[PDB]
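Q: Take a look at the following structure, please.
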Amino acid sequence: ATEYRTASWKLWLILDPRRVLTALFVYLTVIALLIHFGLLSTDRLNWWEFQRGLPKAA
Amino acid sequence: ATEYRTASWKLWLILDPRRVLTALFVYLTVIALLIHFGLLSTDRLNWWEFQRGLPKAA
Amino acid sequence: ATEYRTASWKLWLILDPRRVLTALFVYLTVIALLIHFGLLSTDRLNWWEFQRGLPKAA
Amino acid sequence: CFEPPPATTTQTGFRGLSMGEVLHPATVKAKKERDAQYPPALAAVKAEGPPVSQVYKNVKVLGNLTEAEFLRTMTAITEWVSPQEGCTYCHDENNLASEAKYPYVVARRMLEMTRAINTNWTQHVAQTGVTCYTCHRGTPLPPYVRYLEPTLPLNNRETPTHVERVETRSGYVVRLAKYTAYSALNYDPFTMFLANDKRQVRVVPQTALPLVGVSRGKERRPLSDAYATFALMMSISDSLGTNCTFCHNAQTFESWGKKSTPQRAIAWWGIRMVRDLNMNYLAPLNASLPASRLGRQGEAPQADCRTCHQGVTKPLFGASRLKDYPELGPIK
Amino acid sequence: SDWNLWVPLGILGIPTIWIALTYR
Amino acid sequence: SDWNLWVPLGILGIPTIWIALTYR
Amino acid sequence: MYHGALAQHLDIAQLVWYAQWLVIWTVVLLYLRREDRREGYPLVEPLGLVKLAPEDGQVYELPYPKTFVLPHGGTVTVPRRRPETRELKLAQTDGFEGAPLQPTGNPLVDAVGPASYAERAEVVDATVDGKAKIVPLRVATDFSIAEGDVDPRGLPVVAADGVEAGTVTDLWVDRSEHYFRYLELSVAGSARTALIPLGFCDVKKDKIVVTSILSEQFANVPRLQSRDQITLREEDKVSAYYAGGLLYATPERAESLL
Amino acid sequence: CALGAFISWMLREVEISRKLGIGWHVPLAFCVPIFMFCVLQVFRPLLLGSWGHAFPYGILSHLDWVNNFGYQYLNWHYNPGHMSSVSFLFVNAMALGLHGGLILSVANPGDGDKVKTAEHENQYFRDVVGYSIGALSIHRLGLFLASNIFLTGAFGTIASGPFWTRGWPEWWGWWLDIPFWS
Amino acid sequence: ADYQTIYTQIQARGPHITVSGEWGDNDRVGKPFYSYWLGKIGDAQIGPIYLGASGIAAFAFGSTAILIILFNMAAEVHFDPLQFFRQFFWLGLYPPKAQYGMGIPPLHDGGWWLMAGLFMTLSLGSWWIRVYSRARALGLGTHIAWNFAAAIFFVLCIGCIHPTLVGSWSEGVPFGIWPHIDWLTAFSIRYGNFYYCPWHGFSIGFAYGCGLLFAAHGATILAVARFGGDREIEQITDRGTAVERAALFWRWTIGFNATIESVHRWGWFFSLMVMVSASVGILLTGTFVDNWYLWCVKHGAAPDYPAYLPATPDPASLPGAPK
Ligand code: BCB
Ligand code: BCB
Ligand code: BCB
Ligand SMILES: C/C=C1/c2cc3[nH]c4c(c3C)C(=O)[C@H](C(=O)OC)c4c3nc(cc4[nH]c(cc(n2)[C@@H]1C)c(C(C)=O)c4C)[C@@H](C)[C@@H]3CCC(=O)OC/C=C(\C)CCC[C@H](C)CCC[C@@H](C)CCCC(C)C
Ligand SMILES: C/C=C1/c2cc3[nH]c4c(c3C)C(=O)[C@H](C(=O)OC)c4c3nc(cc4[nH]c(cc(n2)[C@@H]1C)c(C(C)=O)c4C)[C@@H](C)[C@@H]3CCC(=O)OC/C=C(\C)CCC[C@H](C)CCC[C@@H](C)CCCC(C)C
Ligand SMILES: CC(C)=CCC/C(C)=C/CC/C(C)=C\CC/C(C)=C/CC/C(C)=C/CC/C(C)=C\CC/C(C)=C/CC/C(C)=C/CC/C(C)=C/CC1=C(C)C(=O)c2ccccc2C1=O
Ligand SMILES: COC1=C(OC)C(=O)C(C/C=C(/C)CC/C=C(/C)CC/C=C(\C)CC/C=C(\C)CC/C=C(/C)CC/C=C(\C)CC/C=C(\C)CC/C=C(\C)CCC=C(C)C)=C(C)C1=O
Ligand code: HEC
Ligand code: HEC
Ligand code: HEC
Ligand SMILES: CC(C)=CCC/C(C)=C/C=C/C(C)=C/C=C/C(C)=C/C=C\C=C(C)\C=C\C=C(/C)CC/C=C(\C)CCCC(C)C
Ligand SMILES: CCCCCCCCCCCC[N+](C)(C)[O-]
Ligand SMILES: [Fe+3]
């Protein structure tokens with residue numbers, strides 16, 4: 016190893032960058048979607064619309 | 016490597032540009048559509064239409 | 016054993032890191048989602064929304 | 110989404126036929142909570158003095174009562190219809206006998222209507238009867254009404270989205286579907302069957318063989334009429350929160366006798382009663398309302414099943430005030 | 623504010639420690 | 623503006639640091 | 124007055140009903156069922172009383188004969204009279220019509236019960252070109268295993284005992300289906316290759332497990348006539364041997380569970 | 019007695035197949051409908067807690083049960099378990115037709131034409147629709163289609179009552195109502 | 544378990560041999576490719592495809608139809624692309640809603656319906672020809688064509704023939720996912736309950752029959768695949784232990800058997816019969832029977848049950864009823 020401290024790196028000998036990469040891509044995208052849409056489906060916490068909340072108002 | 020600082024680039028020896036390119040192309044396109052259409056299905060932030068948002072008015 | 020105490024480690028001779036790793040990944044994700052959404056489906060312990068709880072009020 | 114067990118089940122037809130209602134116990138609880146805000150009867154008063162017709166000056170419906178009774182009624186009315194604006198809502202504060210505010214003159218007519226229901230449609234509403242509350246549920250705009258286009262959402266206390274708004278032309282199909290229990294049937298059954306007495310609901314032939322002279326070409330009805338009936342039924346079901354087998358034995362939708370429950374009779378009267386309401390009390394109000402109330406084709410709002418039942422087979426689970434407010438009917 | 627109620631702390635914490643110490 | 627609502631910073635920040643330091 | 128009324132109680136629908144029925148049964152009986160008797164009929168009798176005629180209604184039964192003109196010359200006529208002349212090594216439990224039979228010697232070699240084969244024509248199965256259909260991968264050099272699978276060549280064949288019977292020499296391919304039919308293994312202890320149907324072995328990463336028969340009886344799997352091609356009869360012979368072992372490998376395979 | 023008969027039937031088959039040294043596929047396949055019977059007559063009634071939820075024995079009578087049951091959810095056609103089952107039912111029928119025909123065409127090619135080969139089966143389909151599933155696998159596939167008629171349906175059946183009490187169309191609301199494009 | 548019946552463990556690759564037709568060896572189209580996943584259930588190779596005239600034509604009409612259908616579905620949501628995609632199953636192309644008898648209806652009310660109908664009809668036919676011709680091209684028998692025929696005919700019956708015999712286009716099936724289904728209920732309600740029509744019966748019988756038969760045949764072949772029973776054609780011309788067992792199995796169970804050849808006939812026959820039975824029923828309906836239940840009662844087939852809740856006389860028929 017070129018000046019390392021742990022052996023962490025050896026993970027990639029075991030695991031495969033391409034899998035991890037492609038997976039993370041997906042994983043994060045989905046989560047990101049869930050949150051975004053999720054938020055935009057509330058009343059508080061929707062930008063993109065007039066305040067449906069009727070927050071305390073009536 | 017022509018005066019490169021990182022090894023970053025070796026990624027393309029691992030990954031395959033053609034896949035990446037094609038995926039982004041699609042990925043992006045979709046997000047883009049979601050945003051466009053999704054926006055244009057609100058009341059505020061719909062250009063293209065008359066403000067039948069009736070913002071608070073009535 | 017490079018200054019070890021137990022043989023605990025021999026587990027990975029028997030088990031396979033990759034299986035464990037990949038499963039834990041999923042297992043945890045699911046429990047995480049469970050709790051998050053679970054909470055966010057109550058009345059007390061919903062952040063993201065106005066206090067629908069009507070805590071005692073009405 | 111996958112609604113968890115158990116289920117309340119009843120039996121409405123002969124054993125082994127799979128007829129009867131199927132309820133989610135949870136949902137019923139929720140509805141029962143909702144139908145409990147019905148304000149309790151007011152404390153009864155001693156009938157003492159002269160008739161109101163001699164006391165006041167502008168009574169034209171409730172002439173009979175005593176001064177004290179009369180005000181009781183007014184108090185009840187207030188609570189059922191306009192609790193928030195109070196008395197003020199349809200009276201000038203000082204000259205009470207002024208017909209100035211618009212709701213006043215609607216309200217006089219509503220009184221006539223309610224009376225009539227509790228007198229002439231006894232065969233739908235029985236000894237249970239209705240009060241303003243039945244429909245209004247404590248607002249001056251009853252939370253389920255109908256216009257001549259399908260609108261959404263069903264409950265007009267919620268706020269519409271962009272696609273739900275009537276003006277959004279793309280959203281029509283959905284506006285329609287939600288009215289008929291999410292099926293894709295393409296007819297608005299309110300305007301076909303309920304608004305007036307102009308169509309026949311019965312579509313099935315009452316004989317085994319095709320009857321010569323009504324059975325071919327332009328003699329025949331269009332298969333539309335079947336779908337349209339199937340639509341009216343879908344909606345009725347959702348309006349009562351029940352299924353076909355609460356009234357028909359599917360074996361033969363068309364048949365009566367041992368193939369229909371007693372409910373089906375009541376429903377038949379039901380239909381004839383809403384029609385009367387719409388054609389005679391409700392629809393000709395577009396003369397009296399403000400334009401703000403009126404629909405796109407300049408019509409007043411009208412009633413259908415949901416307007417009263419609101420998703421229960423008996424409105425307000427059959428809670429009544431019929432003995433407590435005999436001003437509201439029946440009459441002699 | 624975590625007062626009188628160390629319940630989750632105990633549940634979370636205890637294992638955290640013996641997981642630390644058992645597998646060295 | 624986080625007023626003792628360091629909560630998400632806590633959840634976001636902490637691991638961010640040890641992820642920095644553990645795999646070096 | 125009604126459409127479709129033949130009397131005050133008789134309508135055209137009602138008549139059609141029966142009609143429909145009629146046809147169904149006719150087809151079933153006067154056709155389909157006849158077509159069914161092209162193989163193995165007329166029925167044979169080894170107890171009953173002076174019978175040249177099955178369930179009665181039926182010695183017409185057999186339809187008149189077809190004549191399949193075969194792809195690579197010759198004709199077959201159906202139904203036929205193909206006589207069984209192998210002399211079965213089976214003793215009867217009772218002399219009774221439908222009482223079962225006991226094998227006299229070794230059932231796996233004497234080829235009886237689940238170990239019996241049909242006397243098929245002693246010719247090689249062919250392609251549309253006129254090549255041999257079933258061949259090994261020494262011959263079909265053009266054919267190959269799909270990239271991503273386990274090549275079973277080299278692996279140990281473990282039998283029912285948990286004992287290595289021998290090692291895999293080759294795969295055999297169907298040339299007109301692109302499908303593998305046989306493993307050819309080298310039976311250890313003798314100087315012989317025996318052919319196992321691929322439907323009798325669970326192929327793993329390390330080993331081929333053969334539940335069918337015991338290690339010792341690999342020595343007696345029927346011998347191939349040629350080295351590089353297989354006849355139709357030899358196929359049946361090979362297959363029947365292992366399947367027979369499903370009832371006859373161990374004595375307990377006979378018995379009921381209790 | 020019914021259950022009795024069915025099961026005894028199925029086990030008999032197992033005994034038979036043992037005797038012949040053939041696979042047990044047949045008995046097992048026969049197990050699927052048995053299960054559906056059990057689902058309708060036993061489980062679903064258990065879950066709703068009465069026998070009175072089961073269907074009656076009677077040629078026309080049984081259909082009356084089917085009929086009303088289905089209108090208890092307002093339009094059974096929309097129940098997604100049903101959709102799948104129905105699809106299989108149809109595919110299966112069509113597929114049997116094709117398999118039937120294809121063998122028969124090869125065997126009885128008309129005139130004094132020679133019986134054709136396996137390659138002709140393949141060619142034929144790879145022409146008409148451009149794919150051939152191949153000879154063994156069709157058998158395998160047939161068994162699969164057939165079987166999911168009940169396997170998938172069983173889901174829709176059990177669901178109705180214990181896990182869903184509204185009309186089946188209302189259930190597609192999940193999609194129809196995703197608030198994004200609502 | 545025996546894994547070799549469920550999926551394929553070791554896949555084979557090699558040169559596929561083309562059977563030369565009578566004509567149109569030239570009109571095979573495309574680079575044949577493989578799918579390793581598909582290779583686990585069947586052949587992996589996916590091209591080429593025959594083209595020729597019938598094809599061309601079938602596509603021609605077929606597409607036109609599709610276009611008219613979709614286009615009108617779009618027009619239902621007023622071309623809002625987002626809504627289209629959300630509402631898609633609920634959209635349809637409907638036949639005429641007024642009574643015009645059999646006159647070619649106005650464009651906006653059923654006109655377009657009719658056109659698509661005609662074109663769908665034409666594609667079906669063109670295709671039929673494809674199926675039939677190809678068979679003859681390769682010296683096979685025509686069985687598939689004839690089965691397919693019956694199917695087509697039944698489509699005709701519910702599409703135009705029945706409408707015709709009663710004489711109104713209003714009775715046509717609509718195009719669209721949900722709405723083609725709503726048709727089913729309407730149609731049944733109108734003709735007094737289809738469970739009670741005998742041909743609906745027959746049909747279903749045969750349909751379930753197919754289920755039974757394929758499961759059985761399917762299972763049977765796999766059970767004897769160890770003896771090479773999947774090689775069904777060679778089994779016909781030179782009977783091996785495989786089908787001997789298969790026969791025996793069935794004989795010892797239900798007490799009569801088939802042949803390897805004839806089982807195929809049975810299956811083919813049952814398949815056909817679904818479609819035929821159906822067609823008949825459809826033709827009889829509206830034309831000779833008006834209400835199938837009542838008809839079953841006239842022939843006393845219909846079961847009758849006692850009342851659970853009190854029996855209810857129809858209110859329309861009371862003294863002093865409204866309308
Ligand atoms: C009211 C609050 C809001 C909010 C609150 C907010 C927070 C708190 C955060 C964001 C974040 C984000 N927001 Mg945002 N948001 C965004 C979009 C975004 C993204 C730019 C970013 C999401 C990063 C991510 O999730 O990674 C998903 C996928 C990733 C990272 C994949 C790439 C990594 C991959 C593993 C590496 C591989 C790359 C290879 C080259 C490709 C491989 C190809 C394969 C398939 C072969 C849009 C479009 C809008 C609109 C239109 O309104 C919006 C509105 C809002 N956001 C509201 C106003 N949002 C996050 C962020 O980090 O900002 C940048 C974030 O933390
Ligand atoms: C108005 C109500 C309807 C309805 C109500 C409905 C219900 C409630 C159910 C189905 C079910 C099914 N429906 Mg549907 N249906 C279907 C098709 C189907 C089947 C695919 C599927 C399963 C049938 C079944 O359960 O077998 C039953 C067969 C069994 C149980 C096996 C019995 C065999 C036994 C093991 C052996 C018997 C041996 C004999 C006793 C031996 C006697 C023989 C002699 C030789 C002695 C079609 C194609 C249509 C059309 C075209 O509209 C339709 C319309 C309707 N269905 C109407 C909309 N249907 C079932 C399903 O899967 O739902 C999702 C189901 O539960
Ligand atoms: C409430 C209404 C019901 C109903 C209404 C009903 C009607 C009205 C009819 C049937 C019919 C039938 N029903 Mg029934 N049904 C059936 C099953 C059946 C089928 C056996 C048979 C329909 C024939 C068929 O297979 O269609 C599927 C096969 C078809 C449609 C042929 C398609 C072939 C075509 C060439 C396809 C190729 C198309 C191309 C690819 C074109 C592409 C299009 C382009 C151009 C856009 C079951 C199993 C059940 C159960 C279990 O309850 C049931 C209950 C009901 N049915 C409910 C009671 N059913 C028919 C019948 O038999 O009546 C006597 C019929 O007319
Ligand atoms: C997806 C899977 C499909 C499938 C599969 C397979 N199907 C099989 C096999 C496989 C693999 C066999 O191996 C086995 C068989 O042997 O091959 C012929 C069999 C068989 N499938 C029969 C009928 C059949 N398959 C149906 C459905 C599917 N099959 C589905 C589609 C249906 C439908 C759908 O209604 C029917 C009616 C019998 C002919 C036969 C067993 C005889 C029996 O069971 O013996 C035992 C019982 C009797 C002979 C009589 C029983 C009398 C009882 C005691 C009491 C009276 C009955 C009472 C319950 C009243 C009900 C009547 C009422 C509704 C009005
Ligand atoms: C019991 C008897 C059963 C039975 C029997 C049989 N069934 C058969 C056969 C037999 C024997 C055949 O021989 C034939 C066939 O060959 O199969 C191999 C066939 C068939 N049954 C099909 C589908 C089916 N069977 C069903 C049912 C039953 N079958 C009943 C149950 C059902 C149900 C139940 O719904 C369905 C959906 C097709 C596969 C096939 C017709 C192809 C056609 O007729 O083509 C017509 C051509 C078209 C529609 C053109 C396509 C145009 C494309 C999509 C592009 C349009 C896009 C456009 C907007 C723009 C243009 C640009 C473009 C480039 C992008
Ligand atoms: C003589 C003497 C000593 C007397 C004294 C003895 C005495 C009286 C003793 C006591 C009697 C006792 C104890 C018992 C009685 C006997 C007994 C066990 C009886 C059980 C009988 C019984 C209930 C029979 C009913 C049969 C039954 C359930 C159904 C009938 C069959 C039906 C309706 C089938 C559906 C129709 C159908 C699918 C037909 C398909 C056609 C065929 C044949 C399909 C099968 C089949 C398939 C599917 C193939 O794939 C295949 C592939 C290659 C070759 C052949 C075949 C093949 O044959
Ligand atoms: C040999 O001669 C022959 C040929 O070769 C020459 C042929 O090619 C041919 C035929 C030529 C061909 C091209 C054949 C192709 C014809 C076809 C109809 C193939 C088409 C098949 C399909 C489209 C698949 C059907 C899919 C549908 C109908 C849509 C269903 C919709 C939904 C939502 C289904 C959802 C659920 C699923 C998809 C799967 C659910 C599965 C489960 C719940 C459990 C699964 C059960 C198992 C896996 C079995 C248990 C496991 C074990 C026992 C080990 C014949 C006839 C001939 O015999
Ligand atoms: C929703 C409408 C409505 C509300 C709310 C309402 N009223 Fe009335 N009120 C009427 C109508 C209509 C009449 C005339 C009734 C008639 O002619 O029989 C009336 C008549 C009266 C009269 C007789 C007028 C006269 O000639 O002197 C009095 C007094 C009266 N209301 C008092 C009240 C009081 C007090 C309240 C509230 C506490 C009240 N009302 C609330 C509709 C309403
Ligand atoms: C069966 C249904 C029904 C009953 C019962 C009923 N109402 Fe109404 N009411 C309506 C409908 C529908 C409208 C029309 C919606 C509207 O005009 O706002 C209406 C309108 C009104 C309005 C006009 C308010 C406005 O702002 O437009 C008043 C006031 C009113 N009702 C009072 C009464 C009173 C008082 C009673 C009882 C004596 C009563 N209603 C009973 C259905 C009913
Ligand atoms: C609340 C009672 C009730 C329910 C619930 C109900 N119906 Fe009806 N249905 C009726 C009445 C009443 C009629 C007859 C109305 C008339 O005479 O005008 C009727 C008529 C019909 C008809 C016409 C019969 C004919 O004579 O031509 C059909 C078909 C029908 N219903 C089907 C359904 C279906 C399907 C459902 C469930 C989706 C359903 N019904 C739910 C009360 C009901
Ligand atoms: C004499 C005169 C004037 C006219 C005679 C006309 C004539 C022959 C009329 C007869 C008409 C007939 C046979 C009509 C039949 C109609 C029937 C059976 C319709 C039935 C079902 C249709 C369904 C389920 C179709 C739904 C269709 C869709 C949702 C859209 C179509 C799209 C697809 C199937 C996907 C492919 C498109 C993709 C490549 C982008
Ligand atoms: C409702 C459709 C059912 C059609 C009937 C199916 C025929 C069953 C075959 C019986 C065979 C008779 N036998 C024993 C003489 O071969
Ligand atoms: Fe077959």
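Chains as they are written, first to last, in the working numbering: chain L, 16 to 73; chain A, 16 to 73; chain Z, 16 to 73; chain W, 110 to 441; chain Y, 623 to 646; chain F, 623 to 646; chain P, 124 to 381; chain C, 19 to 200; chain E, 544 to 866.
Built from N, CA and C at the ideal position, the CB exists for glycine as well.
Residue 866 of chain E: buried (16+ other C-beta within 10 angstroms of its C-beta) or exposed?
A: Exposed.
Q: Count Cβ pairs between the stretch 325 to 334 of chain P and the stretch 198 to 214 of chain P that sit closer than 8 Å; are there 3 or more?
A: With the cut-off at 8 Å, the stretch 325 to 334 of chain P and the stretch 198 to 214 of chain P do not touch.
Q: Can you find the residues in the same chain that come closer than 8 Å, C-beta to C-beta, to residue 118 of chain W, ignoring five residues on each side of it along the sequence?
A: So the list reads 129, 130, 131, 132, once near-sequence residues are dropped.
Q: Tell me the rounded alpha-carbon separation between residue 67 of chain A and residue 695 of chain E.
A: Each residue's Cα considered, the two are about 50 Å apart.
Q: Taking the DSSP output, what are the residues bridged to residue 189 of chain P?
A: Beta-bridge pairing links residue 189 of chain P to P:201.
Q: Along the chain, where does the beta strand (DSSP E) that runs through residue 315 of chain P open and close?
A: Run containing residue 315 of chain P: 315 to 320, per the beta strand (DSSP E) assignment.
Q: Is there a Cβ of chain A sitting closer than 8 Å to that of residue 27 of chain L, yes or no?
A: So, not an interface residue.
Q: Quick check on this structure: which residue in E:686, E:664, E:677, E:720 has the alpha carbon closest to the alpha carbon of residue 701 of chain E?
A: The shortest C-alpha separation from residue 701 of chain E is found at E:664.
Q: Grouping DSSP H, G and I as helix and E and B as strand, with all else coil, what is residue 150 of chain C?
A: If DSSP states are grouped into helix, strand and coil, residue 150 of chain C belongs with coil.
Q: Tell me residue 280 of chain P's beta-bridge partners as DSSP assigns them.
A: Partner(s): P:289, P:331.
Q: What are the residues in the stretch 268 to 282 of chain W lying within 8 Å of chain C by C-beta distance?
A: Within the stretch 268 to 282 of chain W, the residues whose Cβ lies closer than 8 Å to some Cβ of chain C are 270, 272, 273, listed in chain order.
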